[PDB]
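Okay, so here's the structure we're looking at.
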Amino acid sequence: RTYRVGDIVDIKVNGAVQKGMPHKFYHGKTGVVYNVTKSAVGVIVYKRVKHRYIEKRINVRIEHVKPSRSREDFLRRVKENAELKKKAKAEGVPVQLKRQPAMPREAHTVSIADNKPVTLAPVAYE
Amino acid sequence: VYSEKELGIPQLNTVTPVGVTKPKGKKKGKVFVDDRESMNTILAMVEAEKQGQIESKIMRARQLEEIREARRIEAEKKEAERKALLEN
Amino acid sequence: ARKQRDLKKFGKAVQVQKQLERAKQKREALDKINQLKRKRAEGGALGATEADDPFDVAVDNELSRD
Amino acid sequence: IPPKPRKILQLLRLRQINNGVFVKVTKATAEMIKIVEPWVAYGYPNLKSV
Amino acid sequence: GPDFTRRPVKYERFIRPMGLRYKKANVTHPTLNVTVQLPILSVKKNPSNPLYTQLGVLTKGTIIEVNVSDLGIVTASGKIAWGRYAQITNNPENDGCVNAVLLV
RNA sequence: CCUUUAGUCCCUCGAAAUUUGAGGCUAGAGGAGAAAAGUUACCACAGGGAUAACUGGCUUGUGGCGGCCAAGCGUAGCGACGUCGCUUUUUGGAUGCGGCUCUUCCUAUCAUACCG
RNA sequence: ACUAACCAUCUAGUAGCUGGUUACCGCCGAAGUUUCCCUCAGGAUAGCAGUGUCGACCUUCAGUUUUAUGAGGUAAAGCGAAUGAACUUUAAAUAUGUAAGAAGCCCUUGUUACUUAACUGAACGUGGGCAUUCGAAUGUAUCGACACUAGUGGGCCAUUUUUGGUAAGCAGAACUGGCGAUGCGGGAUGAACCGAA
């Protein structure tokens, strides 16, 4: 794997190799790299203080770091909005460029035919 | 207080010569004292500092003279060994 | 001076960690004897006395001979 | 009170006790209120109440 | 074990009293289900302290060498066993007796 | 260079006669170099860190260990009361702050009273 | 050969230690901590509080939720899906890191001393696209930078998570909460309890 400077990497921490062993607090963490070496990578991490947050620097080698794709989803959203915006302008109709927080559901009727409800006791005995 | 052997202190040339010093961390060649004369001279020096202070001038002179004679015999025997191993 | 500063800073953690390491050692020793007991119960082929060598090496040599 | 409930109360504008507000039912708001469950009483108001 | 021994300067100041010394143990043979009083030959491993196993301290779960001659255990080659391993499985400090189970 | 491990029962030497020991082979495990190095729940000295009192519905009359049995819990493991084995059997000094007077209380009562 | 006592003065000798250190009201208000240097009767940086100057305007911001995606596949259902916690279509509970816009994405071709077989790639620029929902919710008692100044560098208890241990005690890490600087109601009474400032 090839990693450049400025990208975002997730840390997995596998037990195969004891070299470059990070702490359990740095295990399963996400941060940004600042230094790249032959084998180890310098990563900027955010640590939680008892009342605040600080920025630390850790040295983790290749076998623990992998790329992330949260920014991939963000760029997917940007492209999706751009394409819908262009298409809506071309067709002369308005569209929602927003995303919705999943509003509650509407009223509906459910039939009983061929779906007769079954009565249940508090405990299943058989 | 720490020992001058522990500290990496270089040897300093004074009225007492440093001589040909040996490199650090390397093989300091072992010279063996198994000759009766060499044991005599080492023993004479040891007894000299063990006895120490003597009021009599002649006694002090004789102590120094026996050490000197031990060194003389040691040197003679070593030179003889040198000659023996160089010719035969 | 710097070494002794580090010692004073980490004094107690060393003590608790050594206590834990000794507990782990006791667990390991009890395990190895339990393995010895189980193997003797299953089967085993000895002499008149026990091996005169140290117990840890004696036990290992048996658990490797099988 | 833990900091997460402390922040949710600040954002729901419930700074004092007996301090009701109106909230639009939604996934995000419902999750906030469900986290702040141990401190508030909430329900569905009617026309007379409003 | 012995009585008038001179200990190394390493251990010379460790005093082990007569009231605390033990010489025989109640050793249980499981398969030939029987408990007999047997002399203690040596202390092989106290799993709590190397200093204890050097001093001969008898604690719970402690491997000792026991004379099993009276049992008449026949070995594979046909010989009678004169020494086996036995684990102290009681608390001799709380119980005024030493109880061992024989590892056979 | 010797030692161990498993193998063909493949070869030599030694021994005893109707069997062994030591080597031999296959491949795992042990042993920059006379300057010194590593190591220890050990000792002595010196120093540093932690801890700094401690018991406070505590305590009393019936041991511990292993087996058998074992209502159950559980679906192998925990397991009481008993019984068996060890301690343990076929002829009868220990101890290394004490002592005396008086008040009051407790009962875990030596005497006096009454009972089985 | 060599190297006591009292009086006045130097002397108001030398302390980091002890004791004490003088009206009222109003406003603002802590910390008990990170990191570095060095063996002290400790310094430096950052943090909390405050003052001044400069830039914008809920701009922005946030111990929060949602969406997306990691570390936890942890429980569960099935095996009339395959295979056999180490099985899986699916997937719990539980906390937790990151991202969510003009401080944006691309695509297009001019230069470069970089590079490539090459106007070919990378960087530096140009053109475009959305200024009205500019691209989740809720709140917003504004935020940022520079300069300067004062008091702080102790911990005790408890919930949950977790490591080890005992016959039982217990010992240690992470978060959070209470108490320090907090009055009031209640628990007959009271550092650690409940309600509430």
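Throughout, a chain's letter reflects where its sequence line sits, starting with A, and its residues are numbered from 1.
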Side-chain donor/acceptor of C:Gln19 to base of G:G164, under 3.5 Å
no
Taking atom types as they are modelled, is there a donor-acceptor pair under 3.5 Å from the base of G:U34 to the side chain of A:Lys56?
no
On the side chain of A:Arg52, is there an atom forming a donor-acceptor pair with the base of G:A46 - under 3.5 Å, no angle test?
no
Mind calculating the distance between CG (D:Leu14) and P (G:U64) to the nearest angstrom?
17 Å
Taking the same atom, P, in G:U120 and in G:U108, what whole-Å distance lies between them?
13 Å
Quick check on G:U39: is either OP1 or OP2 less than 4.0 Å from any side-chain nitrogen or oxygen of C:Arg5?
yes
Check: E:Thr28 side chain, F:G66 base, donor-acceptor under 3.5 Å:
no
Select base, sugar-phosphate, or nothing to describe what D:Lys27 touches, counting heavy atoms under 4.0 Å on all strands.
sugar-phosphate
Between P on G:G139 and CD1 on D:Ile8, what's the gap in Å once rounded to a whole number?
14 Å
Does the G:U133 base have a donor-acceptor partner in the side chain of A:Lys98 within less than 3.5 Å?
yes
Is the side chain of A:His108 donor-acceptor paired with the backbone N or O of A:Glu106 at a distance under 3.5 Å, no angle test?
yes
Going by modelled atom types, is there a donor-acceptor pair between the base of G:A100 and the side chain of A:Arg99 at under 3.5 Å?
yes
Quick one, which residues of residues 43-66 of chain E touch RNA chain F with a heavy atom under 4.0 Å?
E:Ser48, E:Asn49, E:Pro50, E:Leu51
Any donor-acceptor pair under 3.5 Å joining the side chain of E:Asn99 to the base of F:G64?
yes
Are any of the side-chain heavy atoms of E:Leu103 and E:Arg84 separated by less than 4.5 Å?
no
Output yes when at least one side-chain N/O atom of C:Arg22 is less than 4.0 Å from OP1 or OP2 of G:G165, else no.
no
B:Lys78 with B:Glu74: basic N within carboxylate O range, under 4.0 Å:
yes
